[PDB]
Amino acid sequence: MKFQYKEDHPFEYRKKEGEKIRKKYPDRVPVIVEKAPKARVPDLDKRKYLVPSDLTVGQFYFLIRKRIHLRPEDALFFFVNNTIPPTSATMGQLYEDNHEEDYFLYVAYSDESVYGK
């Protein structure tokens, strides 16, 4: 459900940026990554990314685990439009199938495989 990025910036400015950035960075996609509110995981220092389209979701997952400073014993799951995405998809394919009307892809993360309950 609720991403803080959408509450922090007016839609009009997010969409205008989203349009620009797809032209300027043709091999990357703009992605917001935020902690699900009930997750018992550290927050990220940075939530706003330009991500190579060819990177798989699985590889992006390991990059985000590293940036959270998770220990190996900590579980982590992603949610995109309320579902856990496949690790083999590319970030470009996930973006194409899931970006919002501001041209951003929104990824939530949690230590449990349920979101927003």
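Superpose the two forms; the largest set of C-alphas matching within 1.5 Å is the rigid core. The first residue of the shown sequence is 1; numbering continues from there.
Between 72 to 80 and 85 to 93, greater CA displacement relative to the shown form is found for 72 to 80 when the structures in 7 other deposited structures of this protein are fitted on the core. Per-stretch RMS Cα distance to the displayed form in 7 other deposited structures of this protein, following rigid core alignment, is highest for 63 to 71 when 63 to 71 and 47 to 55 are compared. Mean CA B-factor, 43 to 51 versus 78 to 86: the higher value falls on 43 to 51. With 102 to 110 and 13 to 21 compared on mean CA B-factor from the PDB entry, the stretch scoring higher is 13 to 21.
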